[PDB]
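Next up: just one chain, as structure tokens, the form deposited in one PDB entry.
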């Protein structure tokens, strides 16, 4: 998503290839691009004929810490939301061991994501947080509101409809603000616009969206 920055893409393309960077640490809000980038890596890994292994550690209660053993045979290991077990000494300890076992072997990489930097994610083992800083850490950028209004206007324009800056802001104060609902409501107001051959205005939008 918003995280199409050159540096980050390189670090990932390298870890997926075992060129290569040992460990990456993505962190950001939801719909920041974490899970997508992780699978993007597993994708390039797969075409380089390097086996990868993904783990959504949000389900840590359902799985055991023994799932990290023998996991090093894989060339690329990805752990989504590793900060989900931050606080559980036993999980951090199994993850700490894994970090050292992937580095122990050659052509081993390790990409993990979280909702906060390694220090603020609230881990209990300094040893683990430090083994994490030995590698790379990137912060994925969350699309702010002003970037949304600008993208919602750029889309409207693509289909020959102008979205007055003030009308688009009225929209951001009524919709859920996520791009699925915003982009969708745009489609609705554009079909409403042609049906009534009326330009988009705040009074008109209110009438169309029952507000």
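Positions refer to the first chain, counted from 1. Shifts are known only where both forms have a C-alpha. Think of the rigid core as the biggest set of C-alphas that the two forms share within 1.5 Å after superposition.
When the two stretches 13-21 and 186-194 are set side by side, the higher mean Cα temperature factor goes to 13-21. Based on the entry's C-alpha B-factors, the most elevated value among 26, 38, 67, 57 belongs to 67. When all modelled residues of the chain are sorted by CA temperature factor, residue 138 is found within the middle third. Ranked by Cα temperature factor within the chain, residue 104 sits in the highest third according to the deposited record. Annotation for residue 92: CA B-factor lies in the lowest third of the chain's modelled residues. When all modelled residues of the chain are sorted by CA temperature factor, residue 71 is found within the highest third. When all modelled residues of the chain are sorted by CA temperature factor, residue 119 is found within the highest third.
The form deposited in another entry exists for this protein as well; it is not shown, and the discussion that follows is about that form.
Taking the rigid core as fixed, one finds a CA shift for residue 203 of 2 Å or more between this form and the one not shown. Relative to the superposed core, residue 31 undergoes a C-alpha shift smaller than 2 Å between this form and the one not shown. In sequence order, the one region between this form and the one not shown where at least three consecutive C-alphas each move 2 angstroms or more after rigid core superposition is 143-211.
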